[PDB]
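Listed here are the chains, written in short residue letters.
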Amino acid sequence: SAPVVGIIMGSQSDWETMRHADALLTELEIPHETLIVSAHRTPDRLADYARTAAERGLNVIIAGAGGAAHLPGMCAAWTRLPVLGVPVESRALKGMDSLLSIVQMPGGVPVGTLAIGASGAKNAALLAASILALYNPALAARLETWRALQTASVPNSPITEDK
Amino acid sequence: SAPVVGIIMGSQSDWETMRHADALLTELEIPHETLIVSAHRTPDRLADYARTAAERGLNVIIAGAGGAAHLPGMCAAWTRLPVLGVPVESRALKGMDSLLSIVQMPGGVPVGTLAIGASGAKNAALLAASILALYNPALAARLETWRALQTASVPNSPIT
Amino acid sequence: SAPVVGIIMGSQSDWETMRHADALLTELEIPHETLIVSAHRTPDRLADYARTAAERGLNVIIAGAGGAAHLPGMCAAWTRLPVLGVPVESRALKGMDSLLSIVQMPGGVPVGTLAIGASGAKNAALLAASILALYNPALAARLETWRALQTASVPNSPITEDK
Amino acid sequence: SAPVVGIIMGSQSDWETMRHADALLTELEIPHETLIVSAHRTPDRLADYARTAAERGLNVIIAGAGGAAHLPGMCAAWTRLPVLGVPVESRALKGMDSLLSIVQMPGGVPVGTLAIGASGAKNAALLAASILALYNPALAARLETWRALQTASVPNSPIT
Amino acid sequence: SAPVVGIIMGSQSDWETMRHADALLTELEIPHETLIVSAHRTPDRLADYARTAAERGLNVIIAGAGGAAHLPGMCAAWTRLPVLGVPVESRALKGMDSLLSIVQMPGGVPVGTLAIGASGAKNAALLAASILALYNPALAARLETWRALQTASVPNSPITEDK
Amino acid sequence: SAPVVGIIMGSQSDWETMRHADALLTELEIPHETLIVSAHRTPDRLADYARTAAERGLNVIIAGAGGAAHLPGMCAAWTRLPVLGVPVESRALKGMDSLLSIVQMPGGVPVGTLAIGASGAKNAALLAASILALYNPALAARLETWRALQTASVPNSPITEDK
Amino acid sequence: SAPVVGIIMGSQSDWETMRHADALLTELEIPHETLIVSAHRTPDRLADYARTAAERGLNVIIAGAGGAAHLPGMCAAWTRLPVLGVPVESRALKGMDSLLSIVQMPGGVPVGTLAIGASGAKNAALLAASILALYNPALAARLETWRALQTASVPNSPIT
Amino acid sequence: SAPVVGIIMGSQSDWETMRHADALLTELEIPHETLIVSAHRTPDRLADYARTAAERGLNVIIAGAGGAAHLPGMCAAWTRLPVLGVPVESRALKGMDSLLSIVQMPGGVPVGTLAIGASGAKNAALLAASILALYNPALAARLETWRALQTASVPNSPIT
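Residues numbered from 1 in each chain as written, not as in the entry; some residues may be left out. Chains lettered and ligands numbered in written order. Heavy atoms only, no water.

1. Remarks on the overall build of chain B
- For chain B, the count of helices and strands is six helices and five strands.
- Its helices and strands taken in sequence order, chain B reads β-α-β-α-β-α-β-α-β-α-α from the N to the C terminus.
- The C-alpha atoms of chain B give a radius of gyration of 16 Å, which matches the 15 Å a tight globule of 160 residues would have.
- If one aligns the C-alpha atoms of chain B with their principal axes, the spans along those axes are about 50 × 40 × 30 Å.
- Taking all 160 residues of chain B together, 66% fall into the buried category.
- In chain B, of all internal contacts separated by at least 6 residues, the share reaching a separation of at least 24 is 66%.
- When the 11 basic and 12 acidic side-chain charges of chain B are each reduced to a single mean position, those positions are 3 Å apart. (Helix = DSSP H or I, 4+ residues; strand = E, 2+ residues; numbered from the N terminus. Rg over C-alpha atoms; globule rule 2.2 N^0.38 Å. Buried < 20%, exposed > 50% of the residue type's maximum accessible area, 1.4 Å probe, protein only. Contact = heavy atoms within 4.5 Å. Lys, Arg positive; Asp, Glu negative; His and termini not counted. Charge placed at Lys NZ, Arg CZ, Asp CG, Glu CD.)

2. Side note on the pairing of strand β4 (residues 83-88) of chain E
All names here are of chain E.
- Of all six residues that make up β4, six are buried, and the element is covered over most of its length.
- Side chains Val 83, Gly 85 and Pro 87 of β4 all project onto a buried face; the interleaved residues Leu 84, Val 86 and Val 88 project onto the opposite face, where all are buried too.
- Here strand β3 (residues 60-66) pairs with β4 via six bridges, running parallel. In the strand pairing of β4, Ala 65 is matched with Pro 87.
- In this view, the connection linking β3 to its parallel neighbour β4 by way of helix α3 (residues 71-78) has right-handed handedness.
- Relative to strand β5 (residues 112-113), β4 runs parallel, the two sharing two bridges. (Pairing = 2+ DSSP bridges. Right-handed = clockwise from strand over helix to strand, strands pointing away.)

3. A word on the arrangement of the chains
- At their nearest point, the C-alpha atoms of chain B and chain F are still 17 Å apart, with no contact between the two.
- No part of chain A reaches chain H; the closest C-alpha pair between them is 16 Å apart.

4. Things to note about the layout of surface pockets
- In this structure, the largest pocket occupies an estimated 1400 Å³ of space.
- Considering the residues around the largest pocket, the lining is formed by 40 residues, among which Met96(A), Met96(B), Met96(D), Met96(G) and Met96(H) are closest to the centre.
- Of all the elements in the fold, those that place two or more residues in the lining of the largest pocket are α4 (96-103) of chain A, α4 (96-103) of chain B, α4 (96-103) of chain C, α4 (96-103) of chain D, α4 (96-103) of chain E, α4 (96-103) of chain F, α4 (96-103) of chain G together with α4 (96-103) of chain H.
- Of the residues in the lining of the largest pocket, the class split is 32 nonpolar, no polar and eight charged. (1 Å grid on protein atoms, 1.4 Å probe; cavity = no way out; pocket = protein on both sides within 12 Å on 5 of 7 lines; lining within 4 Å. Points joined across faces, edges and corners; volume = space filled by probe spheres on them. Nonpolar A, V, L, I, M, F, W, Y, C, P; charged D, E, K, R; others polar.)

5. So, the interface of chain D and chain E
- Opposite the 25 residues of chain D that make contact, chain E presents 25 residues.
- When the two sides are added together, the surface that chain D and chain E hide from each other amounts to roughly 2100 Å², 64% of it contributed by carbon and sulfur.
- Interface area lost by chain D to chain E is led by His40(D), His70(D) and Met74(D), which between them contribute 24%.
- On inspection of chain D and its partner chain E, the count reaches two salt bridges.
- Of the charged contacts in the structure, one is a salt bridge between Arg51(D) and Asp44(E), with a shortest N-O distance of 2.6 Å. (Buried area = accessible area lost by both parts, 1.4 Å probe. Salt bridge = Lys/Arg side-chain N within 4 Å of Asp/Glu carboxyl O.)

Laid out in structure tokens, this is it:
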């Protein structure tokens, strides 16, 4: 029942993207919490959240941010837990600023970075699931079933119908 | 002790980068295997490697490649294990090709992507350590020590 | 009657782009097949499709994908046939991720890469036609006529009409 | 034996790159010609070369250029033959200029584009080989051997 | 009366951009011609147009194209006249492909390149005007008046009105 | 009452962006002036504005421009005052041209550059405020209150409501 | 004299760049402190440093970092002081990563960003000087002299 | 003979690039002047230079600069003469900054922009020559000869 994944994001405007991570964890029956933590507007909130995450029982953090996207990296600075980063698509630079400011962590403090946007959010949840599945055989079986269904559900040919 | 992390790379030319991952895992006493597996030149080797990884006892795969870098993605396609991707710096485009071809995975098949180059290789090994630490207390304590020493070791001022 | 070109793509969403390759092969009376093969969701389907392509009588493969676009390159890993790659335009990065993940093949495994989007799909079909035309004189004549008409159909001046 | 592939490049400075195409064709015993043809400095040479390519017995043209790289595109404009384009690495922009000015052909006139640099030059020759192999069984068997040896030759682990 | 500037473009779709060059030459009373010449679909048309441009009395060529934009550069290969290049904005890459394929001419064959899009087209006409003005004092006076008016017409402050 | 910050921009079309700087200075009760100065169309206006800014009592200049964005840099060439640059988002290149042409000043003439677009304009005003606050204790207290409110106003969790 | 500018950088490897800021402040006789403070490796050091900067008498902070460069932004998050950011040139991406991760601050927390590299480090110190000059007449006169000498010193023609 | 082309550059560091423009004008016997004029460090020098260019008899200005490259644009702001812009290759961003800050002029004030680097400097001088040739028959014949020799001199095949 207690959360084992934390999904955090800098603002409400990130929710349109991060909701995909939430939905997938729920689908796979992974208890989690979903919070707003602003690296720039609530830096002490971030420090406290990241430094206590492990003792609160969290195993993985999924962090989403856009633009000068510092939330994943700074979270990783304060926790020993694996931190997964979702670059939120930005208006001008289409998430390239988000992507580079998350993935280009210097050696010593990792953030496992996923694709720009909704795909990245979904995949952050799947990656979290695959981490948790290493020690949780029921979840491993649910993930196997999920991946197997994804594969079996791919059609053989396109619907080539003109309109 | 049987390996719990697999480090794979497309070619010898990737080793200058991926050796940083190997060194870090060794420093933390994480049993691992370090292999060349080419998505493009040995696709069946890759398929076999990835599909049997879990049953062989691997927990995490770290995959490095450059250019049109397909090794991490395709590895992830064949395993349920977490796959971590290291973009190797390419000659012309400085690993931007490597980066985009690894990180931009469509929803459904993740690769946790690290920085271009040596930093990414080191961090993939650290990220793998932090994953393993979740269910290995002795390793968790060694990782805590590693992180603590990294933090404590930063000087207060630059030298000239 | 049996197909001599295979058009493959990762998903239905690629069809909006890849249909242009289909239309042009049909226009030039080139028998072909059109399939969905996902590099990431159906990797064994891909392996089987590519490794058997030659014995099934295929001469050219046209492969389209977007984002982390691995389908053309992995197809080329398993076939000795020429593989032509169409970068499908992606939402955030406008097909630059598609383009780099297709064209930047290391030495040893080629993918002949065309333009991002519909233009690339049309041109993949024309390039395939020009390959096939080398051994097929009827098709060579149809291609010559096609290219000649394209040239003769270019207007001499723009319609400069204000609106 | 009359050439069936033409390798053309805009200048001597492209040769460091395009020599990889020449070497590969020679390795596979594909008769070819290797020439300098500048889209910008010898545009009439280019026109003549491209328009007569087919009647001279050429089957594939491999064209290399850098910067505002127009040689492959314009070659394709004048021939019905398949034209393969090699972006040469440029000094400032590392072949991104070369790449975009070759690959982004409008619909109607294709250029099959390979990677920036030596890799692209090698792969253009391989792609040309795979085209020719469709109607030359002996060459198809040599290409099969080449691909098989590439695959079998990849080591299983890196050397230090 | 006879044209002294040639405006050329690859297709009708370029006219939305190149019309700005046409309008400005007309405004400055510069006789010119406006044509479609496709580098890729009518390469012999291009060769003939560029090689005869000087003897036909043209002094400047303004050439517009998008994507793999070869029309300005190839025009310059065949004429000794100054050639001005307008990168037409492309769909996927926003004219960056247009820009690089026009401006990055190797040493020996220049194209004077202007901004991506309508601004570039307007400025190609102004640059042409400034070239012609060197030998044409009536035009020099019209250009001076034009530039002077542009400067005098800039407002001192923005209209800060809320809506 | 007399202005201590100058907000300048190249054209009316920049106002949609620069208005955010104006609004924030007003919010913080910072007297300022807001003007159009075109680097390219009114270069002498710019020279006069920048060279007299200090003697007129200005302490900070906020300059906004897009495309080949020279207004901030040239302002800084003629004043000893701190100049803050706002890259206005451009149509084709999304403000990347704006950004590089403002931030990449060679050593010797600084422009403190903020984010592309509205965010940058808001932050140029906040940065100006933080500069002025160093010598103005009433303003320092208003800025502290503002920053404190920003921090306290961040919600703890997203509104996760489906629609 | 107590420092009124703080120069901070993530690591020794940044010093080759940030030394230009230090030299300029020294040239203008601006008391300052020059420190290593890592956003990623010493986040609590950063928090303390930034939150106490004002009460320690600092007026401006100049922060340099490369790659995923978070030091300036996070410094600004904890201080009301003006923070100036120097993108350090990174190996692979030449400071484009550094630049975007520093300049693209969301509204509410500014960082005044300078050019990638040594130029940016020098200009951050000049920009800090121009800020301090607003309420220090002696410094304003020294900055006027510095700017005047820069202008007067430019040669009229190049040397060969 | 009074100069009819002005070559200007922001600093000595631009000379390695702009010397190619100077050499070409000399080769074609085009009287010119070659000067350092900094948009940022000598803005009044620039204003004077550009505003008096025409009355001094200049016909074309070639302006080179790097980074946030404002010299060509601002020159064009003050003269009715055609201004040609040479993006100097910058250290970090390889002249992409230079290129965008020169070519992306808003409508109303043109700069005819050439390639990044030495090529652009050479081509700015050629473009200036082609402008002058319109009303100088002797020069037009020399330019014809130059272009003809360039074309005729291209080899037919590469050397090894």
